[PDB]
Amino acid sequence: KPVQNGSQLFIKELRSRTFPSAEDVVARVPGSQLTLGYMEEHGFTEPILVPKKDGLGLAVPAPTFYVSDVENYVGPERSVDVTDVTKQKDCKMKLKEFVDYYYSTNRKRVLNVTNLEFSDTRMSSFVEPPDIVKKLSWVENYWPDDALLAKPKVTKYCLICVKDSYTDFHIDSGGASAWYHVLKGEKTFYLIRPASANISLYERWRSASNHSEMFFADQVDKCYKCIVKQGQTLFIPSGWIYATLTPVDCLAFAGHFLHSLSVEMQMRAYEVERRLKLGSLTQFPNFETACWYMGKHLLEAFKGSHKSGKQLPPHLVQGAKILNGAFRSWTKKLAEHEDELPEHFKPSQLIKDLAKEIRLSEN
C-alpha cells in the first residue's frame, strides 16, 4: 500500500502504530526549576516538558480564547499560510477565510495554520514567551534594539490545527530551539534525537524525490511519542527531527530561538538546510546576522576575560571556533552573505581578533 504522508489512511495507520514513550528522554520539570543554571547543568540536549505554566513567566490568554478571537486580534484580512495536510502543499488565504473553514460543521479539507507570527498585531501583547527563552535567546540578548536590520520574526507564533492534521518530520530552521504551549486541545510530537547518522538520514530523506511517500521514523532506531496536553509547554532542543499529529482541534503558541548551548548543532542544521535549498517559508530570517552579533559579544567576552583573569567556559570557546569558521566561510567569498552583515561590522578584523583570542585561551 503506497500511501502519502498526511493522507487519511496514513494518519489512520499512524494513530494505531506503537512508539517508545517519550518517558525515556523527555524530562518533566516544574516551571520554577527551569533556570539558566538547570540548562547549563544539563546542556539542553533533551526535550523538556513543563506540565504546568506556573513559574515559567509564560504569559498566555485563558483557554476561553477561541479561534474567533485570534481572527479578531490578528485581523480577518491578514494574509496567512495554510497547509492542506492531505496534499502536503501550501497555499495562502485570508485569516477570515481560514476561520470560516475552521468553524464549518462539515470540513471537507484538513487545513492548518502553523506559520502565523503575530508579533506585529494587537494579539502580540497577550503572549509572552517563557523567561528561560528570553534568557537563552541570542536575539533577545545580543541583537541591539536600534539595529538597522530587522529582528528575526519568529518570536510569537499562533498555531491552529484541526483534528487529524499532521506535520511531517523536519528540523526547525537554523537548528533553532523551540517552545510550544498548548492552549486548548492536545498535540502529539514524534521526537527523533539528532545523532549524527539520524541527521544524515534525514537529509537524504528530505532530498529524496518521493520523500512524501516514505515514513521517516521507519529509518531510525528510536522515534519517541510525546503527547502535550492543554496547559502544558514543551521545549525542543536544537537539531531534533520531529513531526506532529493533532488528535483533536488544537490551538497553540510557539517561538523559535538560538542559544549558546548548541552552536555546533545550529551550524550543522544550517548547513543541511543550505544544501537542501528548500523551505523559504519557515526559514529562520537573518540567522547569519544573529551569528555575527554573537561573534561580537564573544569577542567582547574574551576581552573582559583579561580584566578578570576569569577564562571563558569551554563551550563558549568552542562556540567561538565554530562561529569563526562560519565567518571565514561567509566572507572574502560572498555576495548574498553581505546582506546579513550588521552595520559597522568589520568582518576581517573580527575574524582575526577572535582567532587570536581563542589562541590566547587555549594557551
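Numbering starts at 1 and follows the sequence shown. The term rigid core refers to the maximal set of C-alpha atoms that superpose within 1.5 Å between the two forms.
Undergrad: Please work out whether 202 to 210 or 253 to 261 has the higher root mean square C-alpha deviation in 5 other deposited structures of this protein relative to the shown form, with the rigid core as fitting region?
TA: Larger mean C-alpha displacement, comparing 202 to 210 and 253 to 261 in 5 other deposited structures of this protein, is found in 202 to 210.
Undergrad: Taking C-alpha RMS after core alignment, which stretch differs more from the shown form in 5 other deposited structures of this protein: 136 to 144, or 280 to 288?
TA: The more displaced stretch in 5 other deposited structures of this protein turns out to be 280 to 288.
Undergrad: What is the count, as a class, of unmodelled deposited residues between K333 and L334: none, 1 to 3, 4 to 9, or 10 or more?
TA: Just 1 to 3 residues are missing between them.
Undergrad: Looking at the entry, does 198 to 206 or 71 to 79 show the higher mean C-alpha B-factor?
TA: It is 71 to 79 that shows the higher mean C-alpha B-factor.
Undergrad: Averaging the C-alpha B factors as listed in the entry, name the stretch that ends up higher: 106 to 114 or 165 to 173.
TA: The stretch with the larger mean CA B-factor is 106 to 114.
Undergrad: Select one of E186, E140, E264, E128: the residue whose C-alpha shows the highest B-factor in the crystal structure entry.
TA: Most elevated C-alpha B-factor of the set, per the entry: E128.
Undergrad: From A326, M294, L312, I48, can you pick the one with the highest C-alpha B factor in the entry?
TA: Result of the comparison over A326, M294, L312, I48: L312.
Undergrad: Select lowest, middle or highest to describe the third in which the CA B-factor of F302 falls within its chain in this entry.
TA: CA B-factor rank for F302: highest third.
Undergrad: Using the B-factor values recorded in the entry, state whether the Cα atom of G279 falls in the lowest, middle or highest third among the modelled residues of its chain.
TA: Highest third of the chain for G279's C-alpha B-factor.
Undergrad: Test of reading the entry: by CA B factor among the chain's modelled residues, which third contains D353?
TA: Middle third - that is where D353 ends up once the chain's C-alpha B-factors are sorted.
Undergrad: Please place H211 in the lowest, middle or highest third of its chain by C-alpha B factor as given in the entry.
TA: Within its chain, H211 is a highest-third residue by C-alpha B-factor, going by the deposited values.
Undergrad: Please place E288 in the lowest, middle or highest third of its chain according to the CA B-factor in the PDB entry.
TA: Lowest third - that is where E288 ends up once the chain's C-alpha B-factors are sorted.
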